[PDB]
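S.K.: got a sequence here, can you build the structure:
(one chain, ligands or ions: 1)
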Amino acid sequence: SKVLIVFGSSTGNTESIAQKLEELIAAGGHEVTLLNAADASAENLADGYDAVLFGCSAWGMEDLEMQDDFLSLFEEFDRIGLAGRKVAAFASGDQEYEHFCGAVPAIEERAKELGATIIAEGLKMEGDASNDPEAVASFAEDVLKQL
Ligand SMILES: Cc1cc2nc3c(=O)[nH]c(=O)nc-3n(C[C@H](O)[C@H](O)[C@H](O)COP(=O)(O)O)c2cc1C
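M.R.: Residues are numbered from 1 along each chain as shown. Sure, the structure comes next:
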């Protein structure tokens, strides 16, 4: 299967998780493409992919709850081509904040509204990939079960 992992990361944490997921998922035999959301154009972004994984870190303040680069992309979700495709979401955040990884449920929410099938429980965790390999590895296995 073909997987696109698009992430918004401001200190490299979610970027980290995204590299790890690519690693684990390629070891599962699949073609993976890793895309920084700062470099992504929403229009037809999902063409050709069997599954799309969305990474987005949590930022309660100034920023309209989402990571910068991901907010610009998320607001164009209906241009991506998500109808009929498999989708899952993951984030890095901090439990000490009132709303922990709030982008997770919204990504799942909008995707599903645009006709995508959510294939794994959304990953909410703190730090980078190495901070919590067990959380990353579960997310990956769940995705890999739907590929
Ligand atoms: C300005 C500021 C606001 C934050 N707001 C939230 C938030 O409300 N919810 C949350 O879960 N984490 C919040 N965090 C934690 C960050 O999202 C956390 O450091 C995360 O790992 C960063 O991910 P990234 O490096 O991939 O962008 C905040 C951190 C900073 C410093």
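
S.K.: work out for me the element the closest residue to residue 130 other than its chain neighbours sits within.
M.R.: Closest residue in space to residue 130, ignoring its immediate chain neighbours: residue 16 at 7.4 Å, by Cβ to Cβ, 6 or more residues apart in numbering. To be clear about C-beta, it is placed using only N, CA and C from the backbone, and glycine gets the same treatment. Element membership of residue 16, judged by DSSP states H and E, is helix 13-26.

S.K.: next one: residue 124
M.R.: Assigned by DSSP H and E, residue 124 belongs to strand 123-126.

S.K.: list the buried residues in the next helix or strand along the chain from the helix holding residue 16.
M.R.: The first helix or strand that comes after helix 13-26 along the chain, using DSSP H and E, is strand 31-36. Within strand 31-36, the residues that count as buried by 16 or more other Cβ atoms under 10 Å are 32, 34-36.

S.K.: quick one on the thing from earlier: what helices or strands is the helix holding residue 16 leaning on?
M.R.: Packing contacts for helix 13-26, counted by 3 or more Cβ pairs under 8 Å, 6 or more residues apart in numbering; DSSP states H and E, involve strand 2-8, strand 31-36, strand 51-56, strand 86-93, helix 133-145.
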